[PDB]
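In full-length UniProt numbering, the protein residues as written are 2 to 375. Idealized CB from N, CA, C, for every residue including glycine.
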Ligand code: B12
Ligand code: SF4
Ligand code: SF4
């Protein structure tokens, strides 16, 4: 009976798109509770995590009389088809693979709704609650305890077949499902991702300092610390370095979902046109990816940084214009710093005037940096 519903569940989920499905109890995550406290004690959290730890570790708190959690995983493409090249005159920024195509929040929400629609169709007083959307449980912890994948040294849930290139979601039920078994850790003594990390955010195997992680830094709205401005590179959103360097991700590129296929002109877009994009055009071009949930402001800021990284002298006029005209202190200051970083002394005069007019001390401080660089 219960076993039968489980088999019909697995069978149906694979037919609608789910690449891997797992089962676990609705018991509390004791090891997670301690880790969250420990990570915060060191200040290693990102601030994007859910504040209340109690809700994060107690499945029975979110859903009364719950006895199981069903975890799913969807593999996403790692290689882009017909990707344009970042030429000298036309530099391009890059979005992380976890932001290629349609937002995985919407895709995974659609799959769980069907899975809930499936359980309700049986009409057996079944109660569920999708833990996607927002956002309390630890998707990684649930996945590991449901045999979806093992927690690798780069904090990534790594599947044997699809590697780490998978989106995770789960659904709490009141069904006495029989749990699966956590798979063996296949990292061994390898430490490639730890050394390959540009900022050394992976201070320890399976331990991340999110404050140093580029993936988090690209999503911040304030000024980026100078120690990271030269290490962000051309990344507009997210960072795939500790995944691409991984041997378990070698030869892993699944195109099993058409809506996940990246649009190469927005996945790897030209840097300069992003400097002059409206709110309307941004929501139209990028509003359907995951990397737009903070707005255009952090992305535009990273475009300026990426241009200063490339020293695109042809961007100097537009950078100059943003320094004087843009209503955002973060943009004005970043542009000014970029102008100095590019190293064209002809624009030194225009930095001077802005320094007089600027009232925001942080932006005023950034202008003084660009002046120094010349
Ligand atoms: C906050 C957040 C971030 C933060 C920090 C993530 C982090 N590493 O802690 C930032 C903004 C940096 C980030 C980055 C990324 N993230 Co993110 N992020 C989240 C979010 C909202 C919560 C994660 C969290 O609470 N982390 C806190 C840590 C402490 O716990 P945890 O990693 O979730 O759980 C593990 C640890 O606690 C560990 N742990 C427990 N006990 C112990 C004991 C020891 C000794 C050790 C060493 C570890 C350990 O085991 C748990 C299971 O693996 C989740 C969604 C969700 N609701 O879970 C997505 C999520 C984790 N992120 C995801 C993605 C895709 C990414 C990026 C790859 C995006 C990108 N391309 O840049 C990077 C990866 C960076 C990296 N190397 O880890 C996916 C992961 C998919 C997968 N297959 O695993 C998730 C699950 C979103 C989703 N729904 O699919 N993200
Ligand atoms: S996503 Fe990039 S910055 Fe963050 S831990 Fe991985 S390699 Fe380091
Ligand atoms: S690079 Fe090595 S240590 Fe890092 S996740 Fe891959 S196998 Fe594990």
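Taking C-beta to C-beta, are residue i and residue j nearer than 9 Å?
| i | j | result |
| --- | --- | --- |
| residue 73 | residue 23 | yes |
| residue 68 | residue 177 | yes |
| residue 38 | residue 54 | yes |
| residue 278 | residue 286 | yes |
| residue 129 | residue 117 | yes |
| residue 241 | residue 139 | no |
| residue 389 | residue 151 | Outside the displayed span of the chain (2 to 375) sits residue 389, for which this structure offers no information. |
| residue 141 | residue 169 | yes |
| residue 304 | residue 272 | yes |
| residue 4 | residue 261 | no |
| residue 235 | residue 283 | no |
| residue 372 | residue 357 | no |
| residue 58 | residue 90 | no |
| residue 325 | residue 108 | no |
| residue 123 | residue 6 | yes |
| residue 25 | residue 146 | yes |
| residue 153 | residue 47 | no |
| residue 45 | residue 290 | no |
| residue 317 | residue 343 | yes |
| residue 19 | residue 70 | no |
| residue 208 | residue 156 | yes |
| residue 200 | residue 232 | yes |
| residue 374 | residue 319 | no |
Please look up how many angstroms separate the CB atoms of residue i and residue j, rounded, as I've assumed it's under 8 Å.
| i | j | result |
| --- | --- | --- |
| residue 27 | residue 56 | The Cβ separation is near 13 Å, so there is no contact. |
| residue 244 | residue 166 | 7 Å |
| residue 338 | residue 367 | 5 Å |
| residue 175 | residue 33 | Not a contact, Cβ separation roughly 22 Å. |
| residue 381 | residue 214 | Examination of residue 381 is not possible in this model, given that the chain is present from 2 through 375 alone. |
| residue 148 | residue 104 | With 8 Å as the limit, residue 148 and residue 104 do not qualify as a contact, their Cβ atoms being about 27 Å apart. |
| residue 238 | residue 332 | Not really, about 17 Å apart at Cβ, beyond 8 Å. |
Tell me the DSSP secondary structure of residue i in three-state form.
| i | result |
| --- | --- |
| residue 290 | coil |
| residue 172 | strand |
| residue 131 | strand |
| residue 272 | coil |
| residue 115 | helix |
| residue 67 | coil |
| residue 295 | coil |
| residue 278 | coil |
| residue 283 | helix |
| residue 33 | helix |
| residue 72 | strand |
ask   = Could you give the uninterrupted runs of the alpha helix (DSSP H) lying entirely in the stretch 226-256, keeping only those of 4 residues or more?
value = 227-230, 242-245
Residue ranges of each beta strand (DSSP E) within the stretch 141-229, 3 or longer = 167-174
ask   = Residue ranges of each alpha helix (DSSP H) run of no fewer than 4 residues wholly in the stretch 299-374, ordered along the chain?
value = 317-326, 330-343, 349-358, 362-374
Length-filtered (3 minimum) beta strand (DSSP E) runs lying within the stretch 74-122 = Segments of the beta strand (DSSP E) lying fully in the stretch 74-122: there are none.
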